[PDB]
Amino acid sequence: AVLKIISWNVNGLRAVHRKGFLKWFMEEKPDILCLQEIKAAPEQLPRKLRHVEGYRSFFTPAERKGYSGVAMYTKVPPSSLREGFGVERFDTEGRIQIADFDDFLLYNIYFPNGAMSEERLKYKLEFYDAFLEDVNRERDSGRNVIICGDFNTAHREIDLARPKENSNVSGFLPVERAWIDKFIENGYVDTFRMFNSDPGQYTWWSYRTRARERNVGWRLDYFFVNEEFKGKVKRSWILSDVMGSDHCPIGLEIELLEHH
């Protein structure tokens, strides 16, 4: 038996609602849906977005109005939900959900965009370091972990359409790519690349004339697992045809643990 988990940066939950989000959600039927960039006060969402039949929903908004925010809809209730790393400046931006599903912890993370300033690039890299300390603590205690969301970095040249022109911009800086190398070396696996070694596999396209149509994109959105759990990953894919955001959704199917 498997669970289908989807991750999607929706570029505003109300915005994607107006384009057909609930119809997509009903057709795709994920067991767990992780969203990034909700951008809304949960009590200002229409009640048909706030609560969807068959799911429990959890919203973790930023302090700043209209900014960031993550959400999770799940057909099975988690046993707990942790919304921070325990560091105030990383925990007030609506970026972190860590849901305990007993088989695994599920991290749904909106990692910072560092492109607007050196200040925010430094915040991104420090957030990366706090995340790595957190997941290692949980993994080392004996938990399996699934990490999904918008990492805001394309790992290798194959992961964006125009690597050479982006050497010096956040999203493809050597130091950001090197952090992903370090995360993987700490015993985590980029699940998409377990199954797909092809070029042109992107999850974000700038909201500009025909960029998506021309597939001028970046792979910014990932599903990682700890190494010891990778044999339970059965599929990891990109839902590239699903419109409505500047990112598309990505999927993971994970087999349930089979106790003996």
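From 1 onward, residues are counted along the sequence shown.
Participant: Comparing 160 to 168 with 105 to 113, which stretch shows the greater average C-alpha B-factor in the deposited entry?
Facilitator: Going by the record's values, the stretch with the higher mean is 160 to 168.
Participant: For the stretches 212 to 220 and 47 to 55, which has the higher mean C-alpha B-factor as given in the deposited record?
Facilitator: In the deposited entry, the stretch with the higher C-alpha B-factor mean is 47 to 55.
Participant: By the entry's C-alpha temperature factors, tell me which of 93, 134, 118, 100 sits highest.
Facilitator: Among 93, 134, 118, 100, the highest C-alpha B-factor in the entry belongs to 118.
Participant: So among 74, 79, 186, 153, who wins on Cα B-factor in the entry?
Facilitator: Each of 74, 79, 186, 153 was compared by C-alpha B-factor; the highest is 186.
Participant: Pull the Cα B-factor of residue 62 out of the PDB entry and bin it into the chain's lowest, middle or highest third.
Facilitator: Answer is middle: the recorded C-alpha B-factor places it there.
Participant: Classify residue 204 as lowest, middle or highest third according to the C-alpha B-factor given in the PDB entry, relative to its own chain.
Facilitator: Its C-alpha B-factor belongs to the lowest third of this chain's values.
Participant: Relative to the other modelled residues of the same chain, rank the CA B-factor of residue 122 and answer lowest, middle or highest third.
Facilitator: CA B-factor rank for residue 122: highest third.
Participant: Using only modelled residues of the chain, where does the Cα B factor of residue 248 rank: lowest third, middle third or highest third?
Facilitator: It falls in the bottom third of the chain.
Participant: Would you check the entry's CA temperature factor for residue 15 and let me know if it's in the chain's lowest, middle or highest third?
Facilitator: It falls in the middle third of the chain.
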